[PDB]
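Report on the structure given below.
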Amino acid sequence: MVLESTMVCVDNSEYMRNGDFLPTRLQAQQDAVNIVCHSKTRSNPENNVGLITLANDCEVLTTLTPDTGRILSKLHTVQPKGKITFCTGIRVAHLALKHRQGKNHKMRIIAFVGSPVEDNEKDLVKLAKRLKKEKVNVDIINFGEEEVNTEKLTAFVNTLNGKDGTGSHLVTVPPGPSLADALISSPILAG
Amino acid sequence: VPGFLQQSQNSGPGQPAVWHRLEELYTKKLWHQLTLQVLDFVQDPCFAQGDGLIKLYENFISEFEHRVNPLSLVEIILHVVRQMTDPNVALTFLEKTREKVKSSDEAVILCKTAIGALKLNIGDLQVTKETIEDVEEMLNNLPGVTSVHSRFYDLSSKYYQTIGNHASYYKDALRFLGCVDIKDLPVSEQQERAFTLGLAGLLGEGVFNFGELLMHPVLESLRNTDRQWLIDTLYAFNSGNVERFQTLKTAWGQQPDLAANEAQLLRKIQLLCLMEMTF
Amino acid sequence: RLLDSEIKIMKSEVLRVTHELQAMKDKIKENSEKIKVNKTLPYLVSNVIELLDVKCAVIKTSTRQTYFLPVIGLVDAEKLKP
Amino acid sequence: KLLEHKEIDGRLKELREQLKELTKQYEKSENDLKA
Amino acid sequence: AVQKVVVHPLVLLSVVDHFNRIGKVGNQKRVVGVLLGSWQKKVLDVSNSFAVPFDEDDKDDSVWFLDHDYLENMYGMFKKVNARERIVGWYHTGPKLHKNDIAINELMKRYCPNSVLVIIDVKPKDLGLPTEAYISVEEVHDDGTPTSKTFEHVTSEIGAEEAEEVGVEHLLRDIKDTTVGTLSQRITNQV
Amino acid sequence: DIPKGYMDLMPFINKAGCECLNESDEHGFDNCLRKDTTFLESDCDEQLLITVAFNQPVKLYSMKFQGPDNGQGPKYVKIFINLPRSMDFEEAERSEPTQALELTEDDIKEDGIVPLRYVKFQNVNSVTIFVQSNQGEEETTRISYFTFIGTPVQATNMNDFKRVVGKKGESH
C-alpha cells in the first residue's frame, strides 16, 4: 500500500542445498521471491524492487527498478556456493537501496536467512540502532537451518523496531514442508 | 528404503552419534546437514567399513536425493576407491558418479585425478599422460579454488615414479606445496616431501639447488633435528663451497639415486660455485 | 510419485524465456528502426570492385573516385560481385 | 502424464530455438549498425 | 597477458572532472568509473570513460556499491554514439589500493574477461606518470608460496589521438615550453 | 517579512525530494514544513539529518530554522548542497559542510531568520541540514518550522525542445 522501494536479499549459500522446504529449497526461495515481489508490485506500479545475495561476495544482482521481470529473471543460476555473511549483507542492502531515484519511497529490507549466521553480540544489537537512524524498515525471514530465531537475531529485530515502531517482523518459517505462507498470512500486508 | 537407517545402526563406535545423527537429518528431509556429516565419517580411523553399507546406501540416498552437493559425493568416493583396493572395480566405481557429476561445480576433475592415481598404480606410463593431460587444460577456467590443483599436483608429483620425471617433479612438487602448506597431516609426511624435493633439486638436469626453499618453513624447521645432511649440502650449494665431506655425508645418508650420481652432483656444485663467486 | 516432480520447473522457466524473448524482440525492433532512419536517399550509385579479407569492399563512385570500406555495409558479401 | 510433460518440454525447446534465432538477428542488427 | 595500455587525454581529463565533481560536495578518498577502449595486437588503447555511482565503506573494506544497471545502460548509450569503444578496465583516483578493490575488479570481469584497473592520482602533480595499471592474476607462483587473487602491474603510458593532441596543445600553449629548447631545456632535462 | 527581491523557496521543493532522517514517526518533516505548532522531533538521538530537493535549481540567500525554546531547538547545523546520493550520518559528521552554522537562541525564534553565505548557493538543487546539537542538550531535537528563502535561477525544460519554425521535418 505504501510508496516504497524494497531490496530482496536471497541466500545463495551452500547451505541452500538443504531440502526441508518443498522439493528443493533452491527452487522454493524463487517462489518466495515471486510472492513477496508481486505484493510490492500490485500495491503500486511506482513501488520498486532490487535484489541482493547475502552469501559469499554480496553482489547486487539487480539495482532498484519497477521492472519485476528483471528480478525474476536474475534469480536463475543463483548457484548456492558460500555462506551467509549477514554482517556486511544487511548494511550493503541499505547502502544500495539509498541510491534510489525517488527519495520519497520508504525504506524496506527483506532478506532470506537460510544458513547459520555468526556475528558479534556487542554490535549486532546496535546495527539495529544504525538502521533506525537510517530509518530502514527491515523484515527478516529465517529458514529451517536457523534454529528458530537465535537470541541474537530476535534481540536485533526487537530493538530495530523497538518502542512500538512499524513492528517489522522477524518471521521464522515453520520447519519442514512450508513456504513463505507465514508472511502472506498477515505480516507482509500488516507490518 | 527407509528401513536402512535402522539396519545400518550397527558397525560404528557410538551407534547414536554416528548413525542416528544423520538419521535425524535424513528423516525430516534436511539435506545439507546430512551432507556435512556423511563426508565427516569416512575419515574415521576404522577400516571405513561403513562403505560396505554405502554400497547399497548410494542407491537409497540418490533415488530422489535432489539436493546433494557434487563435492559431497566425490570427496567420499575418492576415499572409498582407496579403501576397496581393487583396481578393476575402481574404474566402474568412479564411472557411475562421473557420468552424473557434470554440474556447475567443478568436481569431475577430482574423479579424473583419482582415476589417474589408480592408473599410475597399475602401469605408471602406459596412458598416464592422457589421464593428466585431460585435466591440465581444464585446470584453467576456475583456478581460484586451488584444492583441485592440490590434488592434481600431488598426482603429478607422484608421477616422479616415472623414471625421467626429476626436474619437472621438482617444479610440480613445489607447485603442490604452494597449493597448501599448513601442516594438515603428520610431520613425517612433510619431512618426506622435503627430503624427496631436495633429491629432486640436487638431481634434476636443469635444476641445481635453487633458493628460498632453504628459507621455506616446511623443510628447515623439520630437518634441524634429523637428516641434517640434506640441508647442509643445500646450504653448500647456495654457498658454492665445493665440498667433499658433507657430500659423502649426504651420500651415506641416501645412497641410491644420490650417491650413484656423483658426476652429476659435482657438475652442479662447481657450476654453483661460479654462480656464488661472481655473485 | 509422478507428474509432481516437475510442476514448478515447467511452469516458470517458459515464462521467463518468453519475457526475455519479448524484450529481445522489442530491442530488435528498435535497432531496425534506427537502421531505417539511417537509410535515406540519396544513395550515390556506384560500381563494386574486388573484395578483400583483412569480406571488405572497394567502390568506384559515379563521381569517379575510389573508396575502400572497412565493412561492406548493410548488404551481404555473397550477393554482391565486381 | 508424459503427454503434458512432452508438450511443455517441446514448447520450451522450440521457444529456446526461436530465441537463438532471434538473438542471431539481434546480433546481425547490432553488427550492421556498428557497420 | 596484456603487455601495454595506452591512455588518452580524454579519460584523464574526465576522471579529473569526476574527482572535482564529487569532492566538491561529497569529498571521498576515491571515485570509481569505467574506461572504454580497443585492442591492437595485445596492447590496449583506452579513450573513453564515464563516472558510475559508487560507494565504499570506511573500514569494512567489503561493503561497496557499483551500479550494475547504470553501468550497463550508460555503456549501451556510449556504444550508440560510438560503437568501437567497448568496456575495458575501470578507473579510480585513490592513491592506494584497497582490500575492497579486487571485488570491484571481479565485478568488472563480468563485463570484460581481462578487465584492467587504472589508478589515476589526480591530486599528485609530481615527477611523472600519473596513471598506474593493474591486471588480475591467479596462479600457483611456481615457488611454493601460497597462491592468492592478486593485482599485477602492467606498464602504462600516455598517448593521444590527433584531435586530442591539438586540443591538449591549444590549452597548454600559454604554459607550453618549446620542444627544441636548444640548451636550456636539454640541461634542465638532464638535471 | 522576507528580504527584498526574494520569495519563499517552498513552492519549488519536491515531495520526492524529502528524506529527513532520524525523525520521530509521530512528528515528521511535513510538520516542520508547516507554519503550525506541528514540528519535527528526532527519534533516536539529538542528531537529525534532513534533506530537501528542488524542482528547479535555486539560489539560497537565508534560512529560518525556527524551533521551540525548550532547549531542543537546533544549535549546530552543517549545510551541504547538491548531494549526488543519500548522505550518511557518519559522513555528515566527517564531511566538510558548504556552511557550518551555530544558531543562537534569537535565531531559533519564530521571527529568527539566519543569513547564509549567498556566494556559495547559486546552483543549489538539493540541500542537506545536519542538526548536530541543541541548546539545552535535550535527548531529542525539535524543529518548529523551517523553510528556505532565495530565488529561482531560471532553468529550462530539457525535453521540451520542439520545432518552432523552419523546414518542418527534414533538413541538412
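Going by the C-alpha cells order, chains are called A, B, ..., each with residues numbered from 1, while ligands are numbered from 1 in the order shown.
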**Prompt:** What residues in segment 15-143 of chain F get the DSSP label strand (DSSP E or B)? Please answer as JSON, numbers by chain.
**Reply:** {"F": [23, 40, 41, 42, 48, 49, 50, 51, 52, 53, 54, 55, 56, 57, 58, 59, 60, 61, 62, 63, 64, 65, 66, 74, 75, 76, 77, 78, 79, 80, 81, 99, 100, 101, 102, 114, 115, 124, 125, 126, 127, 128, 129, 130, 131, 132, 133, 134, 142, 143]}
**Prompt:** Leaving out residue 26 of chain B and any residue of its chain fewer than 6 positions from it, which residues lie within 9 Å of it when counting only C-alpha atoms, given as number ranges by chain?
**Reply:** B: 5, 33-34, 61
Dump of N, CA, C and O atoms for the selected residues, as a PDB file, in the first residue's frame:
```
ATOM      1  N   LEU B   5      18.159 -46.891   7.581  1.00  0.00           N
ATOM      2  CA  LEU B   5      18.759 -46.118   8.664  1.00  0.00           C
ATOM      3  C   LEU B   5      18.750 -46.857   9.995  1.00  0.00           C
ATOM      4  O   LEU B   5      19.468 -46.447  10.914  1.00  0.00           O
ATOM      5  N   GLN B  33      22.708 -30.530   6.043  1.00  0.00           N
ATOM      6  CA  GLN B  33      23.226 -31.007   7.319  1.00  0.00           C
ATOM      7  C   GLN B  33      23.657 -32.463   7.224  1.00  0.00           C
ATOM      8  O   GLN B  33      24.686 -32.847   7.794  1.00  0.00           O
ATOM      9  N   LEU B  34      22.885 -33.287   6.513  1.00  0.00           N
ATOM     10  CA  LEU B  34      23.300 -34.661   6.251  1.00  0.00           C
ATOM     11  C   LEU B  34      24.601 -34.701   5.460  1.00  0.00           C
ATOM     12  O   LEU B  34      25.563 -35.363   5.871  1.00  0.00           O
ATOM     13  N   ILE B  61      20.062 -43.272  -0.980  1.00  0.00           N
ATOM     14  CA  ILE B  61      20.129 -41.820  -0.859  1.00  0.00           C
ATOM     15  C   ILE B  61      19.767 -41.134  -2.170  1.00  0.00           C
ATOM     16  O   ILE B  61      19.073 -40.111  -2.160  1.00  0.00           O
TER      17      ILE B  61
END
```
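Any residue of chain A with an atom within 10 Å of chain E counts; using only C-alpha atoms, that gives residues 57, 58, 59, 60, 61, 62, 63, 64, 65, 87, 88, 89, 90, 91, 92, 93, 95, 96, 97 and 99 of chain A.
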Which chain D residues have any atom within 7 Å of an atom of chain C, and for each, what is the nearest pair of atoms with distance in Å to one decimal, counting only C-alpha atoms, rows sorted by chain and number, as a tab-separated table?
```
residue	atom	partner	partner_atom	distance
D:1	CA	C:3	CA	6.1
D:8	CA	C:10	CA	6.8
D:12	CA	C:14	CA	6.1
D:19	CA	C:21	CA	6.1
D:26	CA	C:28	CA	5.4
D:29	CA	C:31	CA	6.2
D:32	CA	C:74	CA	5.8
D:33	CA	C:35	CA	6.5
D:35	CA	C:73	CA	5.9
```
**Request:** Show which residues sit within 10 Å of residue 76 of chain A, as number ranges by chain. Count only C-alpha atoms, and ignore same-chain residues fewer than 4 positions away.
**Result:** A: 27, 30, 71-72; C: 13, 16
Using the selection just defined, write its residues with N, CA and C atoms as a PDB file, in the first residue's frame.
```pdb
ATOM      1  N   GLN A  27      14.743 -23.953  -5.493  1.00  0.00           N
ATOM      2  CA  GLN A  27      13.582 -23.513  -6.255  1.00  0.00           C
ATOM      3  C   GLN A  27      12.573 -22.795  -5.371  1.00  0.00           C
ATOM      4  N   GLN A  30      12.716 -19.102  -4.884  1.00  0.00           N
ATOM      5  CA  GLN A  30      12.259 -18.349  -6.047  1.00  0.00           C
ATOM      6  C   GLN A  30      10.763 -18.070  -5.991  1.00  0.00           C
ATOM      7  N   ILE A  71      14.095  -8.855 -11.810  1.00  0.00           N
ATOM      8  CA  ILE A  71      14.368  -9.629 -10.601  1.00  0.00           C
ATOM      9  C   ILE A  71      14.085 -11.107 -10.820  1.00  0.00           C
ATOM     10  N   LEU A  72      12.936 -11.451 -11.416  1.00  0.00           N
ATOM     11  CA  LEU A  72      12.641 -12.879 -11.519  1.00  0.00           C
ATOM     12  C   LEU A  72      13.596 -13.548 -12.502  1.00  0.00           C
TER      13      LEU A  72
ATOM     14  N   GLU C  13      10.061 -21.450 -16.035  1.00  0.00           N
ATOM     15  CA  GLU C  13      11.162 -21.102 -16.929  1.00  0.00           C
ATOM     16  C   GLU C  13      10.645 -20.660 -18.293  1.00  0.00           C
ATOM     17  N   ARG C  16       9.791 -16.978 -18.155  1.00  0.00           N
ATOM     18  CA  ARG C  16      10.990 -16.146 -18.144  1.00  0.00           C
ATOM     19  C   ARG C  16      11.624 -16.077 -19.527  1.00  0.00           C
TER      20      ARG C  16
END
```
